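Novice: Please read through the structure below; I'll follow up with questions.
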Amino acid sequence: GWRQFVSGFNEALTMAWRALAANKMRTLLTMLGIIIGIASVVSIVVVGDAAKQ
Amino acid sequence: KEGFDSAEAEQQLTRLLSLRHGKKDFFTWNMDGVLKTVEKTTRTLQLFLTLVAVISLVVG
(Lines give C-alpha, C1' and ligand atoms only; values in the text may rest on other atoms or scores of the structure.)
Protein backbone atom coordinates (compact mmCIF):
# COMPACT_ATOMS: atom_id res chain seq x y z
CA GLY A 1 0.00 0.00 0.00
CA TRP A 2 1.04 3.58 -0.72
CA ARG A 3 -0.23 4.61 2.71
CA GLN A 4 2.79 3.08 4.40
CA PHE A 5 4.88 4.43 1.53
CA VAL A 6 4.04 8.08 2.26
CA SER A 7 3.89 7.48 6.00
CA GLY A 8 7.24 5.93 5.26
CA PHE A 9 8.23 9.16 3.55
CA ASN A 10 7.52 11.40 6.52
CA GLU A 11 8.12 9.02 9.43
CA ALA A 12 11.39 7.87 7.91
CA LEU A 13 11.98 11.52 7.19
CA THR A 14 12.08 11.80 10.96
CA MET A 15 14.10 8.61 11.12
CA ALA A 16 16.41 10.21 8.60
CA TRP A 17 16.75 13.31 10.75
CA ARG A 18 17.70 11.04 13.59
CA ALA A 19 20.18 9.00 11.57
CA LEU A 20 21.76 12.27 10.51
CA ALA A 21 21.73 13.25 14.16
CA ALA A 22 23.91 10.20 14.67
CA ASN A 23 26.49 11.85 12.42
CA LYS A 24 25.84 15.55 11.98
CA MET A 25 29.46 16.13 11.03
CA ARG A 26 29.60 13.38 8.42
CA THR A 27 26.32 14.74 7.21
CA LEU A 28 27.98 18.12 7.03
CA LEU A 29 30.87 17.02 4.87
CA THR A 30 28.51 15.01 2.72
CA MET A 31 26.03 17.78 2.14
CA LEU A 32 28.85 20.22 1.53
CA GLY A 33 30.15 17.88 -1.12
CA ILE A 34 26.73 18.12 -2.69
CA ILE A 35 26.38 21.86 -2.23
CA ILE A 36 29.62 23.01 -3.77
CA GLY A 37 28.84 20.75 -6.68
CA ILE A 38 25.36 21.92 -7.58
CA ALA A 39 26.12 25.53 -6.72
CA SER A 40 29.02 25.39 -9.13
CA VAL A 41 26.71 23.78 -11.68
CA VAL A 42 24.14 26.52 -11.74
CA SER A 43 26.95 29.03 -11.36
CA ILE A 44 28.86 28.07 -14.46
CA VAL A 45 25.66 27.52 -16.41
CA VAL A 46 24.31 30.96 -15.70
CA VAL A 47 27.59 32.82 -16.07
CA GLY A 48 28.49 31.09 -19.31
CA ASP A 49 25.02 31.73 -20.61
CA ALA A 50 25.28 35.38 -19.65
CA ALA A 51 28.66 35.99 -21.23
CA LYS A 52 27.25 34.18 -24.23
CA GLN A 53 24.40 36.66 -24.17
CA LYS B 1 63.93 39.17 -33.72
CA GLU B 2 65.43 39.04 -30.18
CA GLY B 3 62.04 38.09 -28.78
CA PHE B 4 61.90 41.87 -28.79
CA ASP B 5 58.67 43.70 -27.89
CA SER B 6 56.49 45.04 -30.69
CA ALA B 7 55.49 47.98 -28.51
CA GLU B 8 59.06 49.19 -28.68
CA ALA B 9 60.96 50.13 -31.86
CA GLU B 10 57.77 50.92 -33.76
CA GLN B 11 57.99 54.29 -32.07
CA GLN B 12 61.70 54.23 -32.89
CA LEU B 13 60.75 53.40 -36.43
CA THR B 14 58.10 56.07 -36.04
CA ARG B 15 60.60 58.88 -35.62
CA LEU B 16 62.83 56.98 -38.00
CA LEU B 17 60.38 57.26 -40.85
CA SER B 18 59.52 60.71 -39.59
CA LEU B 19 63.14 61.46 -40.44
CA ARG B 20 64.02 59.45 -43.53
CA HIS B 21 60.86 60.91 -44.89
CA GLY B 22 60.38 64.56 -44.01
CA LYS B 23 56.94 63.88 -42.58
CA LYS B 24 55.10 61.16 -40.69
CA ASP B 25 53.21 59.04 -43.23
CA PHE B 26 54.04 55.38 -42.78
CA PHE B 27 51.04 55.00 -40.46
CA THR B 28 51.72 51.30 -39.94
CA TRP B 29 49.61 48.91 -37.89
CA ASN B 30 51.10 47.30 -34.78
CA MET B 31 52.36 43.73 -34.79
CA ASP B 32 52.67 40.94 -32.27
CA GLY B 33 51.15 42.91 -29.39
CA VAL B 34 47.78 41.68 -30.58
CA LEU B 35 49.30 38.22 -30.45
CA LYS B 36 50.49 39.08 -26.97
CA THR B 37 47.07 40.04 -25.69
CA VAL B 38 45.27 37.16 -27.37
CA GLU B 39 47.84 34.85 -25.82
CA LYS B 40 47.06 36.32 -22.43
CA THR B 41 43.40 35.84 -23.28
CA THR B 42 43.64 32.20 -24.21
CA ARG B 43 45.92 31.37 -21.32
CA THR B 44 43.40 33.21 -19.16
CA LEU B 45 40.73 30.87 -20.44
CA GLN B 46 43.05 28.05 -19.52
CA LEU B 47 43.25 29.57 -16.08
CA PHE B 48 39.51 29.76 -15.57
CA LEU B 49 38.77 26.34 -16.98
CA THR B 50 41.58 24.39 -15.41
CA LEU B 51 41.24 26.13 -12.08
CA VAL B 52 37.51 25.64 -11.64
CA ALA B 53 37.93 22.07 -12.82
CA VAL B 54 40.72 21.27 -10.39
CA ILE B 55 38.87 22.98 -7.55
CA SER B 56 35.83 20.84 -8.27
CA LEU B 57 38.05 17.79 -8.28
CA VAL B 58 39.51 18.74 -4.93
CA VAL B 59 35.93 19.01 -3.78
CA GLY B 60 35.65 15.46 -5.02
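Following the order of the C-alpha coordinates, chains are lettered A, B, ..., residues in each are numbered from 1, and ligands are numbered from 1.
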Considering only C-alpha atoms, give me a table of residues in chain B that are at most 12 Å from chain A, with the closest atom pair and distance in Å for each, as JSON lines.

Specialist:
{"residue": "B:48", "atom": "CA", "partner": "A:44", "partner_atom": "CA", "distance": 10.8}
{"residue": "B:49", "atom": "CA", "partner": "A:44", "partner_atom": "CA", "distance": 10.4}
{"residue": "B:52", "atom": "CA", "partner": "A:40", "partner_atom": "CA", "distance": 8.9}
{"residue": "B:53", "atom": "CA", "partner": "A:40", "partner_atom": "CA", "distance": 10.2}
{"residue": "B:55", "atom": "CA", "partner": "A:36", "partner_atom": "CA", "distance": 10.0}
{"residue": "B:56", "atom": "CA", "partner": "A:37", "partner_atom": "CA", "distance": 7.2}
{"residue": "B:57", "atom": "CA", "partner": "A:37", "partner_atom": "CA", "distance": 9.8}
{"residue": "B:58", "atom": "CA", "partner": "A:33", "partner_atom": "CA", "distance": 10.1}
{"residue": "B:59", "atom": "CA", "partner": "A:33", "partner_atom": "CA", "distance": 6.5}
{"residue": "B:60", "atom": "CA", "partner": "A:33", "partner_atom": "CA", "distance": 7.2}

Novice: Hey, can you check how far CA of residue 34 (chain B) sits from CA of residue 6 (chain B)?

Specialist: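 If I compute the distance from CA of residue 34 (chain B) to CA of residue 6 (chain B), I get 9.3 Å.
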
Novice: What are the DSSP helix (DSSP H, G or I) residues of chain B, as a ChimeraX atom specification?

Specialist: /B:10-20,33-59

Novice: Compile the contact shell of residue 24 (chain B) as a list in words: residues with an atom at most 12 Å away, counting only C-alpha atoms, same-chain residues fewer than 4 positions apart removed.

Specialist: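 What passes the distance filter is residues 11, 13, 14, 15, 16, 17, 18, 19, 20 and 28 of chain B.
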
Novice: May I have the residues from that selection written out with N, CA, C and O atoms, as a PDB file, in the first residue's frame?

Specialist:
ATOM      1  N   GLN B  11      57.849  52.870 -32.356  1.00  0.00           N
ATOM      2  CA  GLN B  11      57.988  54.286 -32.074  1.00  0.00           C
ATOM      3  C   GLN B  11      59.365  54.769 -32.517  1.00  0.00           C
ATOM      4  O   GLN B  11      59.535  55.925 -32.901  1.00  0.00           O
ATOM      5  N   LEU B  13      61.003  53.375 -35.004  1.00  0.00           N
ATOM      6  CA  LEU B  13      60.748  53.403 -36.426  1.00  0.00           C
ATOM      7  C   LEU B  13      59.811  54.540 -36.765  1.00  0.00           C
ATOM      8  O   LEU B  13      59.809  55.030 -37.885  1.00  0.00           O
ATOM      9  N   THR B  14      59.008  54.966 -35.798  1.00  0.00           N
ATOM     10  CA  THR B  14      58.103  56.074 -36.044  1.00  0.00           C
ATOM     11  C   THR B  14      58.872  57.342 -36.346  1.00  0.00           C
ATOM     12  O   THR B  14      58.688  57.963 -37.395  1.00  0.00           O
ATOM     13  N   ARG B  15      59.764  57.705 -35.434  1.00  0.00           N
ATOM     14  CA  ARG B  15      60.598  58.875 -35.625  1.00  0.00           C
ATOM     15  C   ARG B  15      61.549  58.626 -36.779  1.00  0.00           C
ATOM     16  O   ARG B  15      61.955  59.551 -37.481  1.00  0.00           O
ATOM     17  N   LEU B  16      61.888  57.359 -36.971  1.00  0.00           N
ATOM     18  CA  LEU B  16      62.831  56.980 -38.000  1.00  0.00           C
ATOM     19  C   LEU B  16      62.284  57.342 -39.363  1.00  0.00           C
ATOM     20  O   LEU B  16      62.971  57.933 -40.186  1.00  0.00           O
ATOM     21  N   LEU B  17      61.027  56.996 -39.584  1.00  0.00           N
ATOM     22  CA  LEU B  17      60.380  57.261 -40.854  1.00  0.00           C
ATOM     23  C   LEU B  17      59.914  58.698 -40.890  1.00  0.00           C
ATOM     24  O   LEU B  17      59.626  59.251 -41.948  1.00  0.00           O
ATOM     25  N   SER B  18      59.860  59.303 -39.710  1.00  0.00           N
ATOM     26  CA  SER B  18      59.525  60.708 -39.589  1.00  0.00           C
ATOM     27  C   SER B  18      60.739  61.527 -39.980  1.00  0.00           C
ATOM     28  O   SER B  18      60.655  62.737 -40.190  1.00  0.00           O
ATOM     29  N   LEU B  19      61.874  60.842 -40.071  1.00  0.00           N
ATOM     30  CA  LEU B  19      63.135  61.456 -40.441  1.00  0.00           C
ATOM     31  C   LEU B  19      63.508  61.170 -41.884  1.00  0.00           C
ATOM     32  O   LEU B  19      63.728  62.087 -42.673  1.00  0.00           O
ATOM     33  N   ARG B  20      63.582  59.884 -42.213  1.00  0.00           N
ATOM     34  CA  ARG B  20      64.022  59.445 -43.529  1.00  0.00           C
ATOM     35  C   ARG B  20      63.052  59.946 -44.576  1.00  0.00           C
ATOM     36  O   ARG B  20      63.430  60.231 -45.710  1.00  0.00           O
ATOM     37  N   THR B  28      51.780  52.753 -39.987  1.00  0.00           N
ATOM     38  CA  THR B  28      51.722  51.299 -39.945  1.00  0.00           C
ATOM     39  C   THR B  28      50.912  50.765 -38.773  1.00  0.00           C
ATOM     40  O   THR B  28      50.803  51.410 -37.732  1.00  0.00           O
TER      41      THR B  28
END
